[PDB]
$ cat run.txt   # compact mmCIF, C-alpha atoms
# COMPACT_ATOMS: atom_id res chain seq x y z
CA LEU A 549 -7.55 42.68 13.80
CA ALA A 550 -4.25 44.38 12.86
CA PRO A 551 -3.76 42.35 9.61
CA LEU A 552 -7.39 43.16 8.86
CA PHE A 553 -6.88 46.86 9.71
CA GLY A 554 -3.87 47.18 7.42
CA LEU A 555 -2.46 50.26 5.69
CA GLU A 556 -5.07 51.17 3.05
CA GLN A 557 -7.72 51.49 5.76
CA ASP A 558 -5.64 53.77 7.97
CA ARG A 559 -5.27 56.61 5.46
CA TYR A 560 -8.89 57.43 4.71
CA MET A 561 -9.90 57.09 8.37
CA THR A 562 -7.46 59.86 9.24
CA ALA A 563 -8.82 61.70 6.21
CA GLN A 564 -12.44 61.48 7.39
CA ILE A 565 -11.44 62.49 10.92
CA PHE A 566 -9.63 65.38 9.27
CA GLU A 567 -12.31 65.88 6.58
CA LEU A 568 -14.73 67.03 9.29
CA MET A 569 -12.34 69.93 9.99
CA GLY A 570 -9.47 69.83 7.47
CA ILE A 571 -10.58 68.74 4.01
CA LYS A 572 -7.70 69.12 1.55
CA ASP A 573 -5.20 66.64 3.00
CA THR A 574 -3.78 65.17 -0.23
CA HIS A 575 -1.55 68.21 -0.81
CA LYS A 576 -0.09 69.17 2.58
CA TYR A 577 -1.37 66.84 5.34
CA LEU A 578 -1.38 63.28 3.96
CA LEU A 579 0.09 61.37 1.01
CA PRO A 580 -2.22 59.66 -1.50
CA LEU A 581 -2.39 55.87 -1.31
CA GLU A 582 -1.48 55.54 -5.00
CA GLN A 583 2.01 56.96 -4.36
CA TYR A 584 2.90 55.24 -1.05
CA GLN A 585 5.47 52.90 -2.55
CA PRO A 586 6.88 50.42 0.01
CA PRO A 587 10.32 51.42 1.32
CA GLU A 588 13.30 49.43 0.08
CA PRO A 589 14.86 47.50 3.00
CA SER A 590 17.93 49.11 4.51
CA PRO A 591 21.35 47.59 3.72
CA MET A 592 21.77 46.99 7.46
CA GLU A 593 18.82 44.59 7.37
CA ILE A 594 20.18 42.96 4.19
CA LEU A 595 23.56 42.21 5.77
CA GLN A 596 21.86 40.97 8.94
CA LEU A 597 19.83 38.62 6.74
CA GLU A 598 22.94 37.50 4.85
CA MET A 599 25.01 37.02 8.01
CA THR A 600 22.27 34.83 9.52
CA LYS A 601 22.44 32.74 6.35
CA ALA A 602 26.18 32.33 6.95
CA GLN A 603 25.41 31.29 10.53
CA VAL A 604 23.33 28.29 9.44
CA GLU A 605 25.81 27.56 6.64
CA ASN A 606 28.52 27.24 9.29
CA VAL A 607 26.11 25.11 11.34
CA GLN A 608 25.36 23.03 8.24
CA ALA A 609 29.02 22.89 7.21
CA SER A 610 29.81 21.96 10.81
CA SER A 611 27.52 18.93 10.55
CA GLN A 612 28.99 17.54 7.32
CA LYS A 613 32.55 18.07 8.58
CA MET A 614 31.38 16.53 11.87
CA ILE A 615 29.99 13.56 9.91
CA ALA A 616 32.70 13.20 7.25
CA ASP A 617 35.45 12.30 9.74
CA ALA A 618 33.51 9.18 10.73
CA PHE A 619 33.97 7.84 7.19
CA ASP A 620 37.73 8.31 7.53
CA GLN A 621 37.66 6.55 10.90
CA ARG A 622 35.92 3.50 9.43
CA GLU A 623 38.42 3.58 6.56
CA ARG A 624 41.21 3.44 9.15
CA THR A 625 39.57 0.45 10.87
CA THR A 626 39.62 -1.47 7.59
CA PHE A 627 43.27 -0.48 7.15
CA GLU A 628 44.50 -2.36 10.24
CA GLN A 629 42.38 -5.32 9.14
CA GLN A 630 43.97 -4.90 5.70
CA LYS A 631 47.42 -5.07 7.31
CA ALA A 632 46.44 -8.41 8.89
CA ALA A 633 47.77 -10.03 5.72
CA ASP A 634 51.18 -8.50 6.48
CA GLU A 635 51.31 -10.37 9.79
CA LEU A 636 50.04 -13.41 7.91
CA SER A 637 52.77 -12.74 5.34
CA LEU A 638 55.28 -13.01 8.19
CA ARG A 639 54.06 -16.58 8.72
CA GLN A 640 55.26 -17.44 5.21
CA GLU A 641 58.54 -15.58 5.76
CA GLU A 642 59.50 -17.29 9.03
CA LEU A 643 58.85 -20.78 7.65
CA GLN A 644 60.49 -19.80 4.35
CA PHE A 645 63.66 -19.14 6.36
CA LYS A 646 63.24 -22.65 7.78
CA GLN A 647 63.52 -24.42 4.42
CA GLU A 648 67.07 -23.13 4.04
CA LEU B 549 -0.43 54.86 7.72
CA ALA B 550 3.34 55.56 7.79
CA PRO B 551 3.92 55.02 4.00
CA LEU B 552 1.51 57.75 2.92
CA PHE B 553 2.33 59.89 5.98
CA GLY B 554 5.95 60.40 4.96
CA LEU B 555 7.74 63.77 5.10
CA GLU B 556 6.08 66.22 2.69
CA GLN B 557 2.61 65.59 4.13
CA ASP B 558 3.80 65.99 7.72
CA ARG B 559 5.83 69.06 6.78
CA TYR B 560 2.77 70.49 5.03
CA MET B 561 0.62 69.44 8.00
CA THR B 562 3.01 71.17 10.40
CA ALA B 563 3.11 74.06 7.92
CA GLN B 564 -0.70 74.27 7.85
CA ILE B 565 -0.61 74.33 11.66
CA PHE B 566 1.84 77.22 11.55
CA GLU B 567 0.32 80.00 9.43
CA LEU B 568 -2.74 80.04 11.70
CA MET B 569 -0.45 81.56 14.35
CA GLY B 570 3.09 81.71 12.93
CA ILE B 571 3.13 82.29 9.17
CA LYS B 572 6.88 82.44 8.59
CA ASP B 573 7.90 78.77 8.49
CA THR B 574 9.88 77.98 5.30
CA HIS B 575 12.34 80.87 5.78
CA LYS B 576 13.71 80.38 9.30
CA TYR B 577 11.09 78.58 11.43
CA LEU B 578 11.38 75.67 8.98
CA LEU B 579 13.41 74.65 5.94
CA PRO B 580 12.02 74.56 2.38
CA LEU B 581 11.35 71.03 1.16
CA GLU B 582 13.30 71.50 -2.09
CA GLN B 583 16.56 72.08 -0.19
CA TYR B 584 16.38 69.10 2.22
CA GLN B 585 19.24 67.00 0.96
CA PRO B 586 19.34 63.61 2.74
CA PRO B 587 22.06 63.43 5.41
CA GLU B 588 25.16 61.52 4.39
CA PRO B 589 25.36 58.27 6.41
CA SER B 590 27.63 58.54 9.41
CA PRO B 591 30.81 56.41 9.39
CA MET B 592 29.56 54.69 12.56
CA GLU B 593 26.64 53.09 10.71
CA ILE B 594 28.76 52.68 7.58
CA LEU B 595 31.21 50.48 9.46
CA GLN B 596 28.43 48.57 11.26
CA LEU B 597 27.13 47.50 7.85
CA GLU B 598 30.57 46.22 6.86
CA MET B 599 30.94 44.86 10.39
CA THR B 600 27.99 42.46 9.98
CA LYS B 601 29.01 41.81 6.37
CA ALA B 602 32.40 40.65 7.66
CA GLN B 603 31.01 38.11 10.14
CA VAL B 604 28.41 36.76 7.71
CA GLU B 605 31.25 36.22 5.23
CA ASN B 606 32.86 33.97 7.85
CA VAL B 607 29.71 31.85 8.27
CA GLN B 608 29.74 31.12 4.54
CA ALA B 609 33.52 30.71 4.58
CA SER B 610 33.66 28.73 7.82
CA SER B 611 31.52 26.06 6.16
CA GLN B 612 34.05 25.34 3.41
CA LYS B 613 36.30 23.61 5.93
CA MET B 614 33.55 21.06 6.65
CA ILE B 615 33.61 20.14 2.95
CA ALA B 616 37.32 20.67 2.23
CA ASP B 617 38.56 18.60 5.18
CA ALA B 618 36.47 15.66 3.99
CA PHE B 619 38.02 16.11 0.54
CA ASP B 620 41.44 15.42 2.06
CA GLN B 621 39.92 12.67 4.22
CA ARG B 622 38.78 10.59 1.24
CA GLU B 623 42.11 11.14 -0.51
CA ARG B 624 43.99 9.65 2.46
CA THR B 625 41.70 6.61 2.42
CA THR B 626 42.26 6.41 -1.34
CA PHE B 627 45.99 6.64 -0.63
CA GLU B 628 45.58 3.86 1.95
CA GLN B 629 44.00 1.67 -0.73
CA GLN B 630 46.80 2.74 -3.09
CA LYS B 631 49.42 1.41 -0.65
CA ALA B 632 47.82 -2.04 -0.93
CA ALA B 633 49.92 -2.45 -4.08
CA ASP B 634 53.03 -2.25 -1.90
CA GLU B 635 51.54 -5.02 0.25
CA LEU B 636 50.99 -6.99 -2.96
CA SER B 637 54.54 -6.08 -3.99
CA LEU B 638 55.87 -7.98 -0.97
CA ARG B 639 54.14 -11.13 -2.25
CA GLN B 640 56.15 -10.94 -5.47
CA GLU B 641 59.32 -10.05 -3.56
CA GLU B 642 58.95 -12.85 -1.01
CA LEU B 643 58.60 -15.58 -3.64
CA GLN B 644 61.28 -13.87 -5.72
CA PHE B 645 63.60 -14.49 -2.78
CA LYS B 646 62.39 -18.10 -2.64
CA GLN B 647 63.18 -18.39 -6.36
CA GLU B 648 66.86 -18.00 -5.50
$ encode --input "run.txt" --output "structure tokens"
Amino acid sequence: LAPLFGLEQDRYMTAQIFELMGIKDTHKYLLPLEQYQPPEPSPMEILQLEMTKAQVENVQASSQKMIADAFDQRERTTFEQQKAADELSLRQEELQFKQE
Amino acid sequence: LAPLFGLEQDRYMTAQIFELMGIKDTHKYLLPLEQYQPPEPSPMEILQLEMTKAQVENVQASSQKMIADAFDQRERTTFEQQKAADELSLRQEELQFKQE
């Protein structure tokens, strides 16, 4: 029931409880609902929120860096297979020496 | 009820409690509301804010390795494909030798 018994309900209940003994509460005892502006969040909470965002960004950036290296690895695997022509080129070279 | 029940209402409520027995609040039993300057934040909590701000900067800035390292990774693979011209250069050189 706490969401249902929010903040606007709490004021006038305390008023009525007080109204039976202390009537004029809007000037010294309680603040009117029309002027209870919500408090701006503290900078400590803001930096905690921002630092948590950095924490997942590092986790996210960890994943892509942890994934990106695999692409380089597969590129390396093709490279040795690319060099297979160089060994095949040696076949031409050794028999080229033979014709002289 | 905390928003409406801030400081002036509670001070007035505690004031209203007082004059029934002890009238003299605003002079020495209590301090007048118009002279309550907010306390300057202590350096301990000032640093703690820039403490968390420092670590959350790292989380954002730790991620840029995961993207930057892959930037170099693709360049090396591009360089590997660039060196294929040198492999092709040997084909010209080998038959250039056979020309003589």
$ closest_atom_pairs --input "run.txt" --of "chain A" --to "chain B" --cutoff "8 Å" --atoms "all atoms listed in the file" --output "tab-separated table"
residue	atom	partner	partner_atom	distance
A:555	CA	B:549	CA	5.4
A:556	CA	B:549	CA	7.5
A:558	CA	B:549	CA	5.3
A:559	CA	B:549	CA	5.6
A:573	CA	B:557	CA	8.0
A:574	CA	B:557	CA	7.7
A:575	CA	B:557	CA	7.0
A:576	CA	B:560	CA	4.0
A:577	CA	B:561	CA	4.2
A:578	CA	B:557	CA	4.6
A:579	CA	B:552	CA	4.3
A:580	CA	B:552	CA	6.1
A:581	CA	B:552	CA	6.1
A:583	CA	B:552	CA	7.3
A:584	CA	B:552	CA	4.9
A:585	CA	B:551	CA	7.1
A:586	CA	B:551	CA	6.8
A:587	CA	B:551	CA	7.8
A:591	CA	B:597	CA	7.1
A:592	CA	B:597	CA	5.4
A:595	CA	B:601	CA	5.5
A:596	CA	B:600	CA	6.4
A:598	CA	B:604	CA	6.2
A:599	CA	B:604	CA	3.4
A:600	CA	B:604	CA	6.7
A:601	CA	B:604	CA	7.3
A:602	CA	B:607	CA	3.8
A:603	CA	B:607	CA	4.9
A:604	CA	B:607	CA	7.4
A:605	CA	B:608	CA	5.7
A:606	CA	B:611	CA	4.5
A:607	CA	B:611	CA	7.6
A:608	CA	B:611	CA	7.2
A:609	CA	B:611	CA	4.2
A:610	CA	B:614	CA	5.7
A:611	CA	B:614	CA	7.5
A:612	CA	B:614	CA	5.8
A:613	CA	B:614	CA	3.7
A:614	CA	B:614	CA	7.2
A:616	CA	B:618	CA	5.6
A:617	CA	B:618	CA	6.7
A:620	CA	B:621	CA	5.9
A:623	CA	B:625	CA	6.1
A:624	CA	B:625	CA	7.5
A:627	CA	B:628	CA	7.2
A:634	CA	B:635	CA	7.1
A:637	CA	B:639	CA	7.9
A:641	CA	B:642	CA	7.3
A:644	CA	B:646	CA	7.4
$ write_last_selection --input "run.txt" --atoms "C-alpha atoms" --output "PDB file, in the frame of the given file"
ATOM      1  CA  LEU A 555      -2.460  50.260   5.690  1.00  0.00           C
ATOM      2  CA  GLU A 556      -5.070  51.170   3.050  1.00  0.00           C
ATOM      3  CA  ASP A 558      -5.640  53.770   7.970  1.00  0.00           C
ATOM      4  CA  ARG A 559      -5.270  56.610   5.460  1.00  0.00           C
ATOM      5  CA  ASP A 573      -5.200  66.640   3.000  1.00  0.00           C
ATOM      6  CA  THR A 574      -3.780  65.170  -0.230  1.00  0.00           C
ATOM      7  CA  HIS A 575      -1.550  68.210  -0.810  1.00  0.00           C
ATOM      8  CA  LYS A 576      -0.090  69.170   2.580  1.00  0.00           C
ATOM      9  CA  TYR A 577      -1.370  66.840   5.340  1.00  0.00           C
ATOM     10  CA  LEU A 578      -1.380  63.280   3.960  1.00  0.00           C
ATOM     11  CA  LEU A 579       0.090  61.370   1.010  1.00  0.00           C
ATOM     12  CA  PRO A 580      -2.220  59.660  -1.500  1.00  0.00           C
ATOM     13  CA  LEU A 581      -2.390  55.870  -1.310  1.00  0.00           C
ATOM     14  CA  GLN A 583       2.010  56.960  -4.360  1.00  0.00           C
ATOM     15  CA  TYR A 584       2.900  55.240  -1.050  1.00  0.00           C
ATOM     16  CA  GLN A 585       5.470  52.900  -2.550  1.00  0.00           C
ATOM     17  CA  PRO A 586       6.880  50.420   0.010  1.00  0.00           C
ATOM     18  CA  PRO A 587      10.320  51.420   1.320  1.00  0.00           C
ATOM     19  CA  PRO A 591      21.350  47.590   3.720  1.00  0.00           C
ATOM     20  CA  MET A 592      21.770  46.990   7.460  1.00  0.00           C
ATOM     21  CA  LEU A 595      23.560  42.210   5.770  1.00  0.00           C
ATOM     22  CA  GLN A 596      21.860  40.970   8.940  1.00  0.00           C
ATOM     23  CA  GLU A 598      22.940  37.500   4.850  1.00  0.00           C
ATOM     24  CA  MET A 599      25.010  37.020   8.010  1.00  0.00           C
ATOM     25  CA  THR A 600      22.270  34.830   9.520  1.00  0.00           C
ATOM     26  CA  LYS A 601      22.440  32.740   6.350  1.00  0.00           C
ATOM     27  CA  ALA A 602      26.180  32.330   6.950  1.00  0.00           C
ATOM     28  CA  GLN A 603      25.410  31.290  10.530  1.00  0.00           C
ATOM     29  CA  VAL A 604      23.330  28.290   9.440  1.00  0.00           C
ATOM     30  CA  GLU A 605      25.810  27.560   6.640  1.00  0.00           C
ATOM     31  CA  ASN A 606      28.520  27.240   9.290  1.00  0.00           C
ATOM     32  CA  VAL A 607      26.110  25.110  11.340  1.00  0.00           C
ATOM     33  CA  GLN A 608      25.360  23.030   8.240  1.00  0.00           C
ATOM     34  CA  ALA A 609      29.020  22.890   7.210  1.00  0.00           C
ATOM     35  CA  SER A 610      29.810  21.960  10.810  1.00  0.00           C
ATOM     36  CA  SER A 611      27.520  18.930  10.550  1.00  0.00           C
ATOM     37  CA  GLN A 612      28.990  17.540   7.320  1.00  0.00           C
ATOM     38  CA  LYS A 613      32.550  18.070   8.580  1.00  0.00           C
ATOM     39  CA  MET A 614      31.380  16.530  11.870  1.00  0.00           C
ATOM     40  CA  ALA A 616      32.700  13.200   7.250  1.00  0.00           C
ATOM     41  CA  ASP A 617      35.450  12.300   9.740  1.00  0.00           C
ATOM     42  CA  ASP A 620      37.730   8.310   7.530  1.00  0.00           C
ATOM     43  CA  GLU A 623      38.420   3.580   6.560  1.00  0.00           C
ATOM     44  CA  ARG A 624      41.210   3.440   9.150  1.00  0.00           C
ATOM     45  CA  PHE A 627      43.270  -0.480   7.150  1.00  0.00           C
ATOM     46  CA  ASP A 634      51.180  -8.500   6.480  1.00  0.00           C
ATOM     47  CA  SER A 637      52.770 -12.740   5.340  1.00  0.00           C
ATOM     48  CA  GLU A 641      58.540 -15.580   5.760  1.00  0.00           C
ATOM     49  CA  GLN A 644      60.490 -19.800   4.350  1.00  0.00           C
TER      50      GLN A 644
END
$ calpha_fit_and_write --input "run.txt" --fixed "chain A" --moving "chain B" --output "PDB file with C-alpha atoms, in the coordinates of the input"
ATOM      1  CA  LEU B 549      -7.779  43.053  13.955  1.00  0.00           C
ATOM      2  CA  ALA B 550      -4.404  44.037  12.422  1.00  0.00           C
ATOM      3  CA  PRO B 551      -4.877  42.077   9.116  1.00  0.00           C
ATOM      4  CA  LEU B 552      -8.030  43.933   8.097  1.00  0.00           C
ATOM      5  CA  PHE B 553      -6.819  47.180   9.713  1.00  0.00           C
ATOM      6  CA  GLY B 554      -3.868  47.542   7.354  1.00  0.00           C
ATOM      7  CA  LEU B 555      -2.891  50.824   5.665  1.00  0.00           C
ATOM      8  CA  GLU B 556      -5.682  51.956   3.322  1.00  0.00           C
ATOM      9  CA  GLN B 557      -8.343  51.665   6.032  1.00  0.00           C
ATOM     10  CA  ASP B 558      -6.254  53.566   8.578  1.00  0.00           C
ATOM     11  CA  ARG B 559      -5.311  56.163   5.971  1.00  0.00           C
ATOM     12  CA  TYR B 560      -8.986  56.511   5.055  1.00  0.00           C
ATOM     13  CA  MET B 561      -9.873  56.559   8.764  1.00  0.00           C
ATOM     14  CA  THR B 562      -7.311  59.299   9.388  1.00  0.00           C
ATOM     15  CA  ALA B 563      -8.582  60.953   6.200  1.00  0.00           C
ATOM     16  CA  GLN B 564     -12.190  60.796   7.432  1.00  0.00           C
ATOM     17  CA  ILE B 565     -10.985  62.383  10.681  1.00  0.00           C
ATOM     18  CA  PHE B 566      -9.365  65.182   8.706  1.00  0.00           C
ATOM     19  CA  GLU B 567     -12.011  66.743   6.449  1.00  0.00           C
ATOM     20  CA  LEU B 568     -14.188  67.430   9.499  1.00  0.00           C
ATOM     21  CA  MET B 569     -11.599  70.070  10.448  1.00  0.00           C
ATOM     22  CA  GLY B 570      -8.763  69.937   7.896  1.00  0.00           C
ATOM     23  CA  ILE B 571      -9.971  68.966   4.422  1.00  0.00           C
ATOM     24  CA  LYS B 572      -6.690  69.187   2.523  1.00  0.00           C
ATOM     25  CA  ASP B 573      -4.977  65.883   3.344  1.00  0.00           C
ATOM     26  CA  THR B 574      -3.916  64.053   0.143  1.00  0.00           C
ATOM     27  CA  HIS B 575      -2.111  67.089  -1.325  1.00  0.00           C
ATOM     28  CA  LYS B 576       0.317  68.166   1.405  1.00  0.00           C
ATOM     29  CA  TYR B 577      -1.095  67.154   4.814  1.00  0.00           C
ATOM     30  CA  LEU B 578      -0.925  63.543   3.596  1.00  0.00           C
ATOM     31  CA  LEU B 579       0.277  61.567   0.587  1.00  0.00           C
ATOM     32  CA  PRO B 580      -2.056  59.944  -1.969  1.00  0.00           C
ATOM     33  CA  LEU B 581      -2.279  56.178  -1.562  1.00  0.00           C
ATOM     34  CA  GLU B 582      -1.536  55.471  -5.240  1.00  0.00           C
ATOM     35  CA  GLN B 583       1.936  57.034  -4.963  1.00  0.00           C
ATOM     36  CA  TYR B 584       3.131  55.264  -1.776  1.00  0.00           C
ATOM     37  CA  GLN B 585       5.869  53.084  -3.165  1.00  0.00           C
ATOM     38  CA  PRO B 586       7.226  50.711  -0.482  1.00  0.00           C
ATOM     39  CA  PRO B 587      10.589  51.843   0.919  1.00  0.00           C
ATOM     40  CA  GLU B 588      13.581  49.953  -0.414  1.00  0.00           C
ATOM     41  CA  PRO B 589      15.072  47.812   2.393  1.00  0.00           C
ATOM     42  CA  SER B 590      18.017  49.450   4.086  1.00  0.00           C
ATOM     43  CA  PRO B 591      21.429  47.765   3.667  1.00  0.00           C
ATOM     44  CA  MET B 592      21.583  47.359   7.459  1.00  0.00           C
ATOM     45  CA  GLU B 593      18.663  44.912   7.458  1.00  0.00           C
ATOM     46  CA  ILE B 594      19.791  43.465   4.127  1.00  0.00           C
ATOM     47  CA  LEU B 595      23.105  42.415   5.641  1.00  0.00           C
ATOM     48  CA  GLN B 596      21.469  41.158   8.860  1.00  0.00           C
ATOM     49  CA  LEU B 597      19.476  38.708   6.742  1.00  0.00           C
ATOM     50  CA  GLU B 598      22.657  37.433   5.095  1.00  0.00           C
ATOM     51  CA  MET B 599      24.347  37.635   8.493  1.00  0.00           C
ATOM     52  CA  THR B 600      22.001  35.033  10.028  1.00  0.00           C
ATOM     53  CA  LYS B 601      22.014  33.081   6.759  1.00  0.00           C
ATOM     54  CA  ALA B 602      25.801  32.824   7.064  1.00  0.00           C
ATOM     55  CA  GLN B 603      25.797  31.381  10.593  1.00  0.00           C
ATOM     56  CA  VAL B 604      22.948  28.958   9.887  1.00  0.00           C
ATOM     57  CA  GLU B 605      24.967  27.712   6.907  1.00  0.00           C
ATOM     58  CA  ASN B 606      27.731  26.843   9.381  1.00  0.00           C
ATOM     59  CA  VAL B 607      25.386  24.811  11.609  1.00  0.00           C
ATOM     60  CA  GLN B 608      24.461  22.655   8.619  1.00  0.00           C
ATOM     61  CA  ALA B 609      28.076  22.615   7.441  1.00  0.00           C
ATOM     62  CA  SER B 610      29.600  22.116  10.886  1.00  0.00           C
ATOM     63  CA  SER B 611      27.693  18.835  11.140  1.00  0.00           C
ATOM     64  CA  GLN B 612      29.382  17.291   8.099  1.00  0.00           C
ATOM     65  CA  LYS B 613      32.599  16.909  10.077  1.00  0.00           C
ATOM     66  CA  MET B 614      30.808  14.639  12.571  1.00  0.00           C
ATOM     67  CA  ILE B 615      29.961  12.324   9.662  1.00  0.00           C
ATOM     68  CA  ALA B 616      33.081  12.832   7.524  1.00  0.00           C
ATOM     69  CA  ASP B 617      35.560  12.227  10.355  1.00  0.00           C
ATOM     70  CA  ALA B 618      33.899   8.892  11.092  1.00  0.00           C
ATOM     71  CA  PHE B 619      34.215   8.053   7.390  1.00  0.00           C
ATOM     72  CA  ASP B 620      37.997   8.319   7.721  1.00  0.00           C
ATOM     73  CA  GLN B 621      37.822   6.546  11.092  1.00  0.00           C
ATOM     74  CA  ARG B 622      36.324   3.359   9.639  1.00  0.00           C
ATOM     75  CA  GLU B 623      38.780   3.442   6.738  1.00  0.00           C
ATOM     76  CA  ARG B 624      41.735   3.428   9.155  1.00  0.00           C
ATOM     77  CA  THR B 625      40.252   0.445  10.996  1.00  0.00           C
ATOM     78  CA  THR B 626      39.695  -1.194   7.605  1.00  0.00           C
ATOM     79  CA  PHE B 627      43.325  -0.386   6.804  1.00  0.00           C
ATOM     80  CA  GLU B 628      44.314  -1.926  10.151  1.00  0.00           C
ATOM     81  CA  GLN B 629      42.520  -5.130   9.154  1.00  0.00           C
ATOM     82  CA  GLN B 630      44.189  -4.862   5.734  1.00  0.00           C
ATOM     83  CA  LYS B 631      47.640  -4.879   7.371  1.00  0.00           C
ATOM     84  CA  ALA B 632      46.815  -8.274   8.899  1.00  0.00           C
ATOM     85  CA  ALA B 633      47.918  -9.732   5.558  1.00  0.00           C
ATOM     86  CA  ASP B 634      51.416  -8.415   6.263  1.00  0.00           C
ATOM     87  CA  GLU B 635      51.270 -10.208   9.622  1.00  0.00           C
ATOM     88  CA  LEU B 636      50.229 -13.337   7.720  1.00  0.00           C
ATOM     89  CA  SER B 637      53.025 -12.619   5.239  1.00  0.00           C
ATOM     90  CA  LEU B 638      55.573 -13.033   8.039  1.00  0.00           C
ATOM     91  CA  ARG B 639      54.265 -16.566   8.642  1.00  0.00           C
ATOM     92  CA  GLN B 640      55.133 -17.511   5.065  1.00  0.00           C
ATOM     93  CA  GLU B 641      58.457 -15.668   5.275  1.00  0.00           C
ATOM     94  CA  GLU B 642      59.478 -17.235   8.589  1.00  0.00           C
ATOM     95  CA  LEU B 643      58.960 -20.808   7.382  1.00  0.00           C
ATOM     96  CA  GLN B 644      60.462 -19.853   4.026  1.00  0.00           C
ATOM     97  CA  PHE B 645      63.629 -19.048   5.957  1.00  0.00           C
ATOM     98  CA  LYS B 646      63.327 -22.388   7.764  1.00  0.00           C
ATOM     99  CA  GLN B 647      63.016 -24.075   4.358  1.00  0.00           C
ATOM    100  CA  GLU B 648      66.609 -23.065   3.649  1.00  0.00           C
TER     101      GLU B 648
END
$ atom_distance --input "run.txt" --atom1 "atom CA of residue 569 of chain A" --atom2 "atom CA of residue 569 of chain B"
17.2 Å
$ atom_distance --input "run.txt" --atom1 "atom CA of residue 640 of chain A" --atom2 "atom CA of residue 633 of chain B"
18.4 Å
$ atom_distance --input "run.txt" --atom1 "atom CA of residue 570 of chain A" --atom2 "atom CA of residue 566 of chain B"
14.1 Å
$ axis_aligned_box --input "run.txt" --around "segment 589-604 of chain A" --padding-each-side "5 Å" --output "JSON"
{"center_x": 20.5, "center_y": 38.7, "center_z": 6.8, "size_x": 21.3, "size_y": 30.8, "size_z": 17.5}
